[PDB]
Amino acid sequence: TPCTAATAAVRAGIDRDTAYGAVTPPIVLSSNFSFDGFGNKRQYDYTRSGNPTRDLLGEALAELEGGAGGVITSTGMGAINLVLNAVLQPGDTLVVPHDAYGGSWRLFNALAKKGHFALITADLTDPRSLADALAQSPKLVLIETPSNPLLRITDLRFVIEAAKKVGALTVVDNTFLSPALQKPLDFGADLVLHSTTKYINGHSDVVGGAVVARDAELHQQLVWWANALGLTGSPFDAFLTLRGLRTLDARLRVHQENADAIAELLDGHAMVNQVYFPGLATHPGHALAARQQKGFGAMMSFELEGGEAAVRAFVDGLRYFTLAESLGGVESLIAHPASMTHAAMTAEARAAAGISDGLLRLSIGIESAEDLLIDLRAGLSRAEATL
């Protein structure tokens, strides 16, 4: 037996201190490391390049994703930035999803306008749209599945093998499910990346990113570029993230129980026009999600009856969903993407993503199921009183 995912996350850095046998791993804040006398670099020399505390988190995310190594960055956007710098140069074309996170769109459109690469935004749920993009010989394809905030599911085996036939690398943003629930590298992706800010840290008190490469040579290109660009993260942040990771399995058990229950409430409720949640049998992509994921996760969005006034009445009064950005915390959250998470997009790119001005997104926490439903039901009455 190698261990399971859960054991590996729990034991990450446990009993791995050669100095004192501390059970919990020491925080190495040091910027620098001594040489072992003249000409003799130790394993570490300088934290920007390499840090033992940061590398425990890289090693654990690599073990969980099945890759050769991991690079930990100061932010999620910083992981995406790392991949774009290590892989693309001018004259290269990048294919991105139409409904990627608004911050990814912002970065892709900014760097493309400078000429750092050419940009094709496509619908990867959609074989025609994918084949028109792959006919242009892209260096790189990015997949974000399930997608933020409409939970569109893209067929990892389909898109990754279509892109291999034309010689493109693949990178998957696996933020929304974590490595506990989806392993894109199992499907042949070259790279998997995360905002550790979300479920991997789980406590809404670190911003971070990670990139795991399947192949040892691409891992070393990422290490080199991270060091050179100074995109690497703080050892203290890596300490809190590794601490968070140890409860990832236990947290997701509750996130998913709570989300199955809230999906049941919102599906078919009189005051709800549409629910987007991969666990619903009627959601386009349900069968795909069931085969490529080990769970349906705990992100969902939904559209209320009754326009702006219903949205305002629903949101103002929530006791247990904080109105705020981010997701993946132990604490439940709610967001209005048009005006918050996806406000960096133009009204046109939103229209093309199918993100309406009335869409609410839930990040379902690990509070008691009974309390989240009392809160959501009172919300739905407040919105009904509006008609």
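All residue numbers are counted from 1 along the displayed sequence.
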Higher-B stretch (mean Cα B-factor, as the entry records it), 346 to 354 or 41 to 49: 346 to 354
Of 16 to 24 and 364 to 372, the one with larger mean CA B-factor: 16 to 24
Residue with highest C-alpha B-factor in the PDB entry, from 182, 89, 75, 148: 89
Options 153, 96, 131, 228 - largest CA temperature factor per the record: 131
Chain thirds of CA B-factor: placement of residue 253: lowest
Cα B factor band for residue 60 (lowest, middle or highest third within the chain): lowest
Residue 29 CA temperature factor, ranked by third within the chain: lowest
Residue 282 by Cα B-factor - lowest, middle or highest third of the modelled chain: highest
Residue 329 - which third its CA temperature factor falls in, relative to the rest of the chain: lowest
